[PDB]
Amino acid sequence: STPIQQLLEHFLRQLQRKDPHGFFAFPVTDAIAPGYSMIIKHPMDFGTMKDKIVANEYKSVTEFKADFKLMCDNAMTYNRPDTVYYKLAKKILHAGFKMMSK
């Protein structure tokens, strides 16, 4: 793998450690989350991001950060603010961006 893929795998491992319950591990389905496909146009999750790094589909850290922000944004759009899901989305979005920008 390329030096960029190795960097992105490093960031992904540290970001997924912020979600020990695995809520962002795999794609949401409308069985789990009624109406999700009517609300969310562009789903994202950590498993999809890992497959994209392995396939060498990210040109830059910028494109990788955009998928991580899309994931967190979708969770804050679908889930209400008082839920575990919206609170973790907001927490990890900000912590994960500061981690990747240091």
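Numbering starts at 1 and follows the sequence shown.
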Averaging only over Cα atoms, indicate whether 79-87 or 9-17 has the higher B-factor in the PDB entry.
79-87
Comparing 43-51 with 56-64, which has the greater mean CA B-factor as deposited?
56-64
Going by the recorded CA B-factors, say which third of the chain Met38 sits in, lowest, middle or highest.
middle
Quick tally, chain-level thirds of C-alpha B-factors: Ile32 sits in the middle
